[PDB]
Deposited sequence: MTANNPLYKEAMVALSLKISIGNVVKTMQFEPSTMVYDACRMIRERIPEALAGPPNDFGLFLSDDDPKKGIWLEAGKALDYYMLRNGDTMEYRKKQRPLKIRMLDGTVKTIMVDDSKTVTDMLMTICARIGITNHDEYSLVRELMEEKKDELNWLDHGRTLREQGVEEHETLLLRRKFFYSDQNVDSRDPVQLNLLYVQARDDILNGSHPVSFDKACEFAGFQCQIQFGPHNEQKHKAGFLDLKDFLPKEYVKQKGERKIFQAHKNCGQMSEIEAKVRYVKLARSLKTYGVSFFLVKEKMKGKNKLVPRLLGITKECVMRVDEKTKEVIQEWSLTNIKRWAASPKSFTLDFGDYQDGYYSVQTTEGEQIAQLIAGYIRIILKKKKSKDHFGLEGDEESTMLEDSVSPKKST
């Protein structure tokens, strides 16, 4: 037997494996060490940590489930993260490429900070794209809109780095008037109004849907030409909401297309946007819910509409308003995986409670509008 002269009793330091690419090196840190100091310590000791500026890197604790990996906050101490001796910490690049389908419909790759929430990332995306009103925009994955949670990272929501995401307007709070003076901005307004009508986010009548498609034909084909714009020419799936495809609508569309005459592309776009904005459905987010009506024991489907100013009860078929409450009449709301409920305080006897799979989405849209209203009163 032999005693070790290097035996050192009562060591408290945390001993961690720092991983930088394929390099691994063990380092010792006081548990009170702040994350920003641990980073600085790693830059001073491991030359491979100087591959870029410090704002581009961070400390990352990986997990066998990628969505459970964690970026360490610079303002916290190491022992906050419950590290034990032998744990691995990555000094890891925060920027990853993100494929974004822009508003114009095109695809582009943008560098985003993997440690930030969708809300903070959206600031960066809008800034590069030149977008004014970034509180009004969100992201969806590739129908019913699968909105991402603004308060969470992409990683923690399961978004893989290869997935292409869509930038789309979510809150309809402010609208600048439509002029032909900026054709690039006019196009953005036209593509947005058009996709919402074709997607079904913006529900319209059959008659309006064919008027819109007429303008759409003027825009994509130019003036109507009886020789070429014959019967069977149109792929109706591309010009009408899904619910109206299975009707014999082509002749109504060609009629409205004819009625444009020699109308220019720019003028067709201005009229498409203005007709969209002129509809009572414009700017309303609709959700399918099920109501308990007194007596009738089966639940009747209904549309719940949200705007910047109110919540509304709307008939599923006719799209008429049965009942409206202003956001200032709402005391509380509550979402569940099965339900959504509104407390109106003094303005109503009884709560309004509906079955729905989208309670969390409803609550997030209401809370978002309220955030914008409060911000624009600072």
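J.: Would you list the gaps, meaning deposited-sequence stretches without C-alpha coordinates, in the order they occur?
T.: Comparing the full sequence with the modelled residues, the uncovered ranges come out as 1, 144-149, 386-411.
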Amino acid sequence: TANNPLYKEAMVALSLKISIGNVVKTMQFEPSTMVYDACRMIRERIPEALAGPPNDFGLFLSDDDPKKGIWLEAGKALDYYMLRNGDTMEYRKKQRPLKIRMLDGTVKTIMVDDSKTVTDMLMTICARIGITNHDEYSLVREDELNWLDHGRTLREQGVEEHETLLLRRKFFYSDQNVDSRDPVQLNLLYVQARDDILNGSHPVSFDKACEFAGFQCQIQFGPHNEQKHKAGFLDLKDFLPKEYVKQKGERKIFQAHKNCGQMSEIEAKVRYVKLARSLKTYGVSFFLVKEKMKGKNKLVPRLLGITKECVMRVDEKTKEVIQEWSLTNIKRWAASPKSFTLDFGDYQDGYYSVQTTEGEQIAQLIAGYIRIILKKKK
From here on, numbers count along this sequence of modelled residues.
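J.: Should the higher mean CA B-factor in the entry be assigned to 296-304 or to 153-161?
T.: Taking the mean B-factor of the alpha carbons in each, 296-304 is higher.
J.: For the higher mean C-alpha B factor in the entry, choose 207-215 or 245-253.
T.: So the stretch with the higher mean C-alpha B-factor is 245-253.
J.: Highest CA temperature factor in the entry: which of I197, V107, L275, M82?
T.: Answer, based on the entry's C-alpha B-factors: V107.
J.: Among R181, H202, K170, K93, which carries the highest Cα B-factor?
T.: Among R181, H202, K170, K93, the PDB entry lists the largest C-alpha B-factor for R181.
J.: Lowest, middle or highest third of the chain for the C-alpha temperature factor of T357?
T.: As the PDB entry reports it, the C-alpha B-factor of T357 lands in the middle third of its chain.
J.: Using the B-factors in the PDB entry, rank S62's C-alpha atom against the chain and give the third, lowest, middle or highest.
T.: Ranked within chain, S62 CA B lands in the middle tercile.
J.: Hey, what third does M41 fall into on Cα B-factor, ranked over its chain?
T.: Middle third, going by the recorded CA B-factors of the chain.
J.: Can you tell me whether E324 has a C-alpha B-factor in the lowest, middle or highest third compared with the other modelled residues of the same chain?
T.: Ranked within chain, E324 CA B lands in the middle tercile.
J.: Among all modelled residues of this chain, ranked by Cα B factor, put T341 in the bottom, middle or top third, i.e. lowest, middle or highest.
T.: Its C-alpha B-factor belongs to the lowest third of this chain's values.
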